[PDB]
Structures are given as C-alpha cells and as structure tokens.
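First comes one chain, alone, set out as structure tokens in the form deposited in one PDB entry.
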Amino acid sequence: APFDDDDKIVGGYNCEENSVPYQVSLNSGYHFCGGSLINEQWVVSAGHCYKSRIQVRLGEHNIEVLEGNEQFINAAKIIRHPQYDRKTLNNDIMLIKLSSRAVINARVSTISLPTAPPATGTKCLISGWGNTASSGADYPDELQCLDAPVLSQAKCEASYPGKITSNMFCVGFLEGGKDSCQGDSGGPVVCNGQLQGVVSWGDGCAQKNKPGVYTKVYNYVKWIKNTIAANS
C-alpha cells in the first residue's frame, strides 16, 4: 500500500496581504522566522528562532524581490526568556533589539500590547509566509493570512496531553488537512487589533483535528515591559 503523504491548506493569498505594518521577518540569508513590531527598536519573536546572525526586515512584501519599500536593520541584541524549556517548547518567546530606530510609515508601524487575556472564540488573524500551493512544491513568496478563533482551554490540554500549559492555546477549529509542510514560525497572532501571541509549534502543518500551538503573550506582557525598561 504505497502512499505519498501530501495535501494543501486553504487559500489565504489575499492581495499579497498589504496594509499590515506590524509584520516583520527575520533573515539569516533566507526566511526562517517571522515576528511582530512593538516599538521603534523591539520586536517579538519565538525563542527557538535564536541565531548568531539575524537580519530584521521591516514592511517586507516579497522575500526574494525588493520593491524599495523594505527597511533592513541588523539585529543588535537578542534576549530569550529565562524560563524557556526546549523539550516542551514552553515560554517560546524572545525579544530582538534593532540596531537603528525604525522608520514609521504606511508599511512599517507598531501594534499596541494586549491589556486583557484572550477569550474563547475570539476572532484572530495570523500573518506569515505560509506554504499554500495547489499541488507539488509551489511555496509562494508573498505574505498571507488566515483567521483562527481561540479554542477552549480543556480541548487544547486534551489535544496534546503533557505538552500544553496555561501559556498555550489552539489555533482554531480549522482542521488544516494533511499538508505536513510547515511554513510559519513566530508569526504574529492578532485578536481584536492586539497582539495576543506568536506562532510557536504544532503537530505538523495543522494536521486534521490536531491544530497547532501558539504562545500566549498576555502573561509575558510584564516580562516584555521589564526587558524594555532594563534595555531601553
């Protein structure tokens, strides 16, 4: 019984996902992780994305074509959460400080930190360079989006026993098919206009009935503020 193990994810190409100034990308010769911009110097990204050399691209729309509206600022200092657990991928959040202050325009801006914890069923938007293709390997180079309401805590805990804590929540009710080709890492999660979390990991590329796991940043708002104050 031979098989191929291939599928596709729902289309989210949009109009190249423009008018998203809070989306940034991390480059080390190629796109590996995303992130969100919170102020003129600090960004929010997953802790596991730590690398020796990381280049932060602001307002990028194409990862291979330069349209002249992209800001390239090299990373100066990267701070990871002291309680990050590599085995369980808990506390998967880190902050990267830009060497130079960013330029705020129609394509680069900041998103306010959340003030209230997310609620079950709240509509959320996830931005990132996802792997959407009809068949074969046709990974696009344009920004994409996909809606993802927050699921209940009990269902999230039961989905992945022994690996879910109070800092994690499911992606959404979307089955996601059997694509098994992840293309999102550290992507911003915005609910009601506030960055409620970032992309951390999941069981494949959102396998059927097994949604991914996002790192809630509401409990980490105080840690982010303390880090900004200590490294202003």
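A residue's number is simply how far along the shown sequence it sits, counting from 1. Between two forms, the rigid core is the largest collection of C-alphas that superpose within 1.5 Å.
We do not show the form deposited in another entry, though everything after this point is about it.
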Query raised in the report: Following superposition of the rigid core, which of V190, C49, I164, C181 is the only residue with a C-alpha displacement of 2 Å or more between the shown form and the other one?
Result: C181
Query raised in the report: If you line up the core, does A106 shift 2 angstroms or more at its C-alpha between the shown form and the other one?
Result: no
Requested in this report: Spell out whether the Cα of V10 moves at least 2 Å between the shown form and the other one when the two forms are superposed on their rigid core.
Outcome: yes
Query raised in the report: Any CA movement of 2 Å or more for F72 between the shown form and the other one, core superposed?
Result: no
Query raised in the report: Quick one: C15 and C33 C-alpha atoms, closer or farther in the other form compared with this form (3 angstroms or more)?
Result: closer
Query raised in the report: Closer or farther: how do the CA atoms of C33 and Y139 lie in the other form, compared with the form shown, if the change is at least 3 Å?
Result: closer
